[PDB]
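Q: Numbering (the deposited numbering), first residue to last: 51 to 463, 468 to 573, 576 to 862.
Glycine residues also receive a C-beta, built at the ideal position from the N, C-alpha and C atoms.
Structure in structure tokens, see below.
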Ligand SMILES: *[C@@H]1O[C@H](CO)[C@@H](O[C@@H]2O[C@H](CO)[C@@H](O[C@@H]3O[C@H](CO[C@H]4O[C@H](CO)[C@@H](O)[C@H](O[C@H]5O[C@H](CO)[C@@H](O)[C@H](O)[C@@H]5O[C@H]5O[C@H](CO)[C@@H](O)[C@H](O)[C@@H]5O)[C@@H]4O)[C@@H](O)[C@H](O[C@H]4O[C@H](CO)[C@@H](O)[C@H](O)[C@@H]4O[C@H]4O[C@H](CO)[C@@H](O)[C@H](O)[C@@H]4O)[C@@H]3O)[C@H](O)[C@H]2NC(C)=O)[C@H](O)[C@H]1NC(C)=O
Ligand SMILES: Cc1nc2cc(OCc3n[nH]c(=O)n3C)c(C3CC3)cc2s1
Ligand SMILES: [Ca+2]
Ligand SMILES: [Cl-]
Ligand SMILES: [K+]
Ligand code: NA
Ligand SMILES: [Zn+2]
């Protein structure tokens, strides 16, 4: 109960919320049904509209008006935003030439440039170019400030997950807002767009920017505006707050627009009805900038213009129906639409089997427009699994499509023409970023980047220490004129051993054989040098990776490759090699077909063994450095060492072999040499982080050889591809992947065909950031380059998406 009998007089849009049954006058009261009786009258004034006119100039103040055109309004801070334009001969901000803002130009009493975050719902990245003629305020922000061609949202590309990632720097799996709809089985409670449960604080994890600021003594305006407060009032309230005394004035502010998303759902991303919403958004930005200019704040405030996600063409007829695949359709609950999440309708049903649901949904129609996954098999780049609110079964839906449970759900619940929610690499889901102000750069374009990075930057802009988050702090330093964050490289925790020859062949009883006893001071001194690391400068281009946890490992040198070999996991953590443009591919000779050779630098006790593989009828093996790319017939013997071997399902070897035999040489051709680092990943609890030894759920039968959940590779070359990978003077170019190590190829519906028809498509789906691989391995790459550390942090956050041009 709210006894709504108090007054909002002198209290309108109060920053500090009061505890009911005291009524409330803050911009959330409407959402809680708790406003005082006079809230509309006093706080939502609309009399005379939003703009000064020639006849209103110099008027006698009338407190009933929405905004004012009287002489006293500027000091009072409540003029209509076009006041000085209409009455004092001033130009609109959009009509002024832009001029570099080298330093903040702020009124006395400002301790730091304020930050204003203007967020737009459903603002697709291509609107900046395509709508440019009708958005001149936005175009000026964009061209005069710092801008990216687009900003990558998080998955799912829905509103709440993305706005909360913007606020926290966290993946949805960590912040807890994993969709627009959710069931939490621990609370046994549901979260929905409509309703009140979404306001309960138990949904919202991490630490959002407004709490980070408050806790560190920086005051914050509101971020969540009640839908019924018009845009013009939100702007005037921000302008009013900026006129408060120094000790009361917030330093951070947010404005939110429900558009263009609201219209885009009805008309599609490029419907002719979309012009007007973009015009209206531009006019609101114009009102803010004119307002800031009136207050002499337009060269003081940092402004961010940012979207949550884009918008795609989606109509009712493009719906797949689970009732077409499942007979048991009423025994499941589907969270539907641009993604699917399935769980049992009833937990008392012991006949419910996710395995048989997956099988009934796998590759059943020729052009099937969704693909089923256990959540732990989703591409690791989506970071969408480590939350009890994410159902074990997930459906990834093709762009332009919907999934629903039954046809009745679609015509009993065509209206819409746009929607979003799809895979976050999809071009139509991409959104916008512009920063404009003293702290951003002038007329600068920066590469595309992920929205998880912005929290850190907003903290930098406000001089705040960010809470622990998934951004990589420093990776966006190139956006900023000053206030950069200067990170140091993490300290290596374990130093390596460098073993020499310490074991005789006969000490190994591994059940391994090799036709290798087919036997000179030229090339015996030579092979000794190679084993001591004579070629290491060629294969380890950026220094050895640092191991950031306590463990026992050895560096192993060879003619063609270098590895860091784990005595705990019995295989390399990483294997590094360079393949020049001119390198040649050879085959595994017949005499070496099943050859595995003991490594005399490494004890039998710390070695894999061939008998385990023989005995394990499911598990085979592959090699991290490919025998196909050996530099000479003699060097090829190194690739068959037991220390270069890793466990692989036969289904996975089809993938791995095509990558190693065909694709590495192809990339070396296209890129002028590549350096490759490959290795295993163990993530049995799907939390995106390196497993400890006691977390491993599967071993090669009868042995202590742990089975990787994934295999990675990081492929680096010179950004200027006129220089070879091993002789690069400037910036680097990277692409990486984290391939799931699966015992079938059910994921790929075309896998009965030749690897050339399906493997590359699989790898593209499992594209990754070096940073993703770091989390997953506890390794730190690129320790020794001639490049700045911030540039390397940007490189580590890069994602090769394989999409066409935006
Ligand atoms: C992205 O960035 C984020 C932020 O850096 C990373 O997430 C962090 O990962 C850490 C490692 O997993 C994790 O550290 C653990 O924290 C536990 C205490 O956590 C509470 O307090 C913090 C701090 O205020 C708070 O943020 C947490 O909030 C979580 O939980 C609430 C719900 O209760 C949610 O509202 C919120 O959204 C968030 O949930 C998310 O994280 C949890 C895991 O914490 C997941 O379960 C959820 O799915 C969701 O993703 C908490 O309120 C602490 O207890 C842990 O300590 C145990 O494990 C360590 C290992 O070192 C061990 O030493 C300890 O002894 C202890 O073990 C004992 O307890 C075990 C478990 O009960 C038990 O099995 C053992 O037997 C032992 O007795 C641990 O230190 C940190 O909480 C999260 N933070 C956040 C915000 O998510 C994330 O890794 C990054 N992602 C990537 C890919 O890099
Ligand atoms: C820059 C940022 N803007 C916002 C804006 C936000 O909310 C904006 C908002 N106001 N009214 C409404 O319906 N929405 C969605 C939120 C809340 C959803 C959490 C976080 C952030 S972080
Ligand atoms: Ca893990
Ligand atoms: Cl959802
Ligand atoms: K086997
Ligand atoms: Na298949
Ligand atoms: Zn929407």
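In the DSSP output, what is residue 734 paired with across the bridge?
A: Along the chain shown, read from residue 1 onward, the residue named residue 734 stands at position 678. 631, 769.
Q: Do you know whose CA, among 698, 683, 644, 673, lies nearest residue 662's CA?
A: Counting from 1 along the chain shown, the entry for residue 662 is found at position 606. Of the listed residues, the one whose Cα sits closest to residue 662 is 698.
Q: The beta strand (DSSP E) that contains residue 719, what's its start and end?
A: Residue 719 sits at position 663 when you count from the first residue of the chain shown. Careful: residue 719 lies outside any beta strand (DSSP E) and carries neither H nor E.
Q: Less than 7 angstroms separating the Cβ of residue 172 from some heavy atom of ligand 7?
A: As a first step, residue 172 is located in the chain shown; it is residue number 122 there, counting from the start. Yes, ligand 7 has a heavy atom inside 7 angstroms of this Cβ.
Q: Apply the 10 Å Cβ neighbour rule to residue 678 and answer buried if 16 or more other Cβ atoms are within range, or exposed otherwise.
A: Here residue 678 refers to the residue found at position 622 when the chain shown is read from its first residue. It is buried - the Cβ of residue 678 has at least 16 other Cβ atoms within 10 Å.
Q: Assess contact between the segment 731-745 and the segment 615-628, defined as three or more Cβ pairs (one per stretch) separated by less than 8 angstroms. Is contact present?
A: Touching, yes, given that three or more Cβ pairs across the two stretches are closer than 8 angstroms.
Q: At what residues does the alpha helix (DSSP H) containing residue 223 begin and finish?
A: Position 173 of the chain shown, counting from 1, holds the residue named residue 223. Note, residue 223: alpha helix (DSSP H), 222-225.
Q: Give every residue of the same chain whose Cβ lies closer than 6 angstroms to the Cβ of residue 155, excluding the five residues on either side of it in the sequence, and list them in chain order.
A: Taking the chain shown and counting its residues from 1, one reaches residue 155 at position 105. Excluding sequence neighbours, residue 155 sits near 349, 350.
Q: Can you list every residue whose CB sits closer than 6 angstroms to some heavy atom of ligand 6, going in chain order?
A: Counting every residue whose Cβ lies closer than 6 angstroms to a heavy atom of ligand 6, we get 801, 802, 804, 805, 807.
Q: If you measure from the CB of residue 208, is any heavy atom of ligand 4 nearer than 7 angstroms?
A: As a first step, residue 208 is located in the chain shown; it is residue number 158 there, counting from the start. True, at least one ligand heavy atom lies under 7 angstroms from that Cβ.
Q: Select from 645, 656, 644 the residue whose C-alpha is nearest the C-alpha of residue 613.
A: Locating residue 613 in the chain shown gives position 557, where the first residue counts as 1. Cα-wise, what sits closest to residue 613 is 656.
Q: From residue 63 to residue 72, what does the alpha carbon distance come to, in whole angstroms?
A: Taking the chain shown and counting its residues from 1, one reaches residue 63 at position 13. Taking the chain shown and counting its residues from 1, one reaches residue 72 at position 22. Distance between the alpha carbons of residue 63 and residue 72: 15 angstroms.
Q: Closer than 6 angstroms by C-beta to residue 385: which residues in its own chain qualify, once you throw out the five before and the five after it? Chain order, please.
A: As a working note, residue 385 is residue 335 in the chain shown. Excluding residues within five positions, the ones whose Cβ falls inside 6 angstroms are 231, 391.
Q: So residue 517 is in the beta strand (DSSP E); what residue range does that whole segment cover?
A: If you number the chain shown from 1, residue 517 lands on position 463. Note, residue 517: premise wrong, no beta strand (DSSP E); not H, not E.
Q: Is residue 586 helix, strand or coil when you go by DSSP?
A: If you number the chain shown from 1, residue 586 lands on position 530. Helix, per DSSP.
Q: Considering only heavy atoms of ligand 3, does any lie closer than 7 angstroms to the CB of residue 741?
A: The residue you call residue 741 lines up with position 685 of the chain shown. Residue 741 Cβ: within cutoff of ligand 3.
Q: Which two residues bound the contiguous alpha helix (DSSP H) that contains residue 713?
A: What you label residue 713 is simply residue 657 of the chain shown in a count that begins at 1. Per DSSP, residue 713 belongs to the alpha helix (DSSP H) from 706-714.
Q: Give, in chain order, every unbroken run of the beta strand (DSSP E) that is at least 3 residues long and sits entirely within the segment 471-505.
A: Within the segment 471-505, the complete beta strand (DSSP E) runs of at least 3 residues are 485-490.
Q: Where does residue 406 fall in DSSP's three states?
A: As a first step, residue 406 must be located in the chain shown, where it is residue number 356. Note: residue 406 maps to helix in three-state DSSP.
Q: So for residue 558, helix, strand or coil by DSSP?
A: As a first step, residue 558 must be located in the chain shown, where it is residue number 504. Of the three classes helix, strand and coil, the one that applies to residue 558 here is coil, per DSSP.
Q: Since I believe residue 305 is in contact with residue 331 (beta carbons under 8 angstroms), could you give me their beta-carbon distance rounded to a whole number of angstroms?
A: Locating residue 331 in the chain shown gives position 281, where the first residue counts as 1. Locating residue 305 in the chain shown gives position 255, where the first residue counts as 1. Their Cβ separation, rounded to whole angstroms, is 11 angstroms, which puts residue 331 and residue 305 out of contact at 8 angstroms.
Q: What does the alpha-carbon distance come out to for the pair residue 334 and residue 281?
A: Here residue 334 corresponds to residue number 284 of the chain shown, with the count starting at 1. Here residue 281 corresponds to residue number 231 of the chain shown, with the count starting at 1. Going by the C-alpha atoms only, they are around 7 angstroms apart.
Q: Can you say whether residue 242 is buried or exposed, counting buried as having 16 or more other CB atoms within 10 angstroms of its CB?
A: Along the chain shown, read from residue 1 onward, the residue named residue 242 stands at position 192. The residue is exposed, with fewer than 16 neighbouring Cβ atoms inside 10 Å.
Q: Taking 7 angstroms as the cut-off, does the CB of residue 478 come closer than this to any heavy atom belonging to ligand 4?
A: In the chain shown, counting from the first residue as 1, residue 478 sits at position 424. Not so, every heavy atom of ligand 4 lies at least 7 angstroms from the Cβ.
Q: Kindly list the residues whose CB is nearer than 6 angstroms to the CB of residue 473, restricted to its own chain and excluding five residues on each side of it in sequence; keep chain order.
A: What you label residue 473 is simply residue 419 of the chain shown in a count that begins at 1. Taken in chain order, the residues that qualify are 364, 388.
Q: Assuming contact is defined by CB atoms lying nearer than 8 angstroms, are residue 633 and residue 595 in contact in what I supplied?
A: Residue mapping note: residue 633 aligns to position 577 of the chain shown, counting from 1. Residue mapping note: residue 595 aligns to position 539 of the chain shown, counting from 1. It is a contact, given that the beta carbons lie within the stated cut-off.
Q: Using 8 angstroms as the threshold, is the C-beta distance between residue 479 and residue 857 below it?
A: Position 425 of the chain shown, counted from the first residue, corresponds to residue 479. Position 801 of the chain shown, counted from the first residue, corresponds to residue 857. Yes, the pair counts as a contact, with Cβ atoms nearer than the cut-off.
Q: Since residue 847 contacts residue 787 with CB under 8 angstroms, what's their CB separation in whole angstroms?
A: Translated into the one-based positions of the chain shown, residue 847 becomes position 791. Translated into the one-based positions of the chain shown, residue 787 becomes position 731. Indeed, because the Cβ distance is near 7 angstroms, the residues count as touching under 8 angstroms.
Q: Among 427, 426, 412, which residue has its Cα nearest to the Cα of residue 420?
A: One-based indexing of the chain shown puts residue 420 at position 370. When only C-alpha atoms are compared, the closest one is 412.
Q: When you measure from the CB of residue 745 to every non-hydrogen atom of ligand 3, does any distance come out below 7 angstroms?
A: Locating residue 745 in the chain shown gives position 689, counting from the first residue. Yes, the Cβ of residue 745 comes within 7 angstroms of a heavy atom of ligand 3.
Q: When the Cα of residue 166 is compared with those of 219, 273, 199, 51, which residue comes out closest?
A: One-based indexing of the chain shown puts residue 166 at position 116. That would be 273, whose Cα lies nearest to the Cα of residue 166.
Q: Taking the alpha-carbon positions, what's the residue 628 to residue 717 distance?
A: Walking along the chain shown from the start, residue 628 turns up at place 572. Walking along the chain shown from the start, residue 717 turns up at place 661. Residue 628 and residue 717: Cα-Cα distance of roughly 20 angstroms.
Q: Near residue 670, which residues of its chain fall below 7 angstroms by C-beta distance, leaving aside the five closest residues on each side in sequence?
A: Within the chain shown, numbered from 1, the residue matching residue 670 stands at position 614. Once the five neighbours on either side are set aside, the close Cβ partners of residue 670 are 565.
Q: Using only CA atoms, which one of 381, 378, 450, 96 lies nearest to residue 318?
A: Locating residue 318 in the chain shown gives position 268, counting from the first residue. It is 450 whose Cα lies nearest to the Cα of residue 318.
Q: Since residue 250 and residue 860 are thought to touch, with beta carbons under 8 angstroms apart, how far apart are those beta carbons, to the nearest angstrom?
A: Residue mapping note: residue 250 aligns to position 200 of the chain shown, counting from 1. Residue mapping note: residue 860 aligns to position 804 of the chain shown, counting from 1. The Cβ separation is near 43 angstroms, so there is no contact.
Q: Leaving out five residues before and five after residue 562 in sequence, what residues of the same chain have Cβ atoms less than 6 angstroms from its Cβ?
A: Position 508 of the chain shown, counted from the start, is the residue given in the question as residue 562. For residue 562, where only same-chain residues beyond five positions count, the Cβ hits under 6 angstroms are 654, 660.
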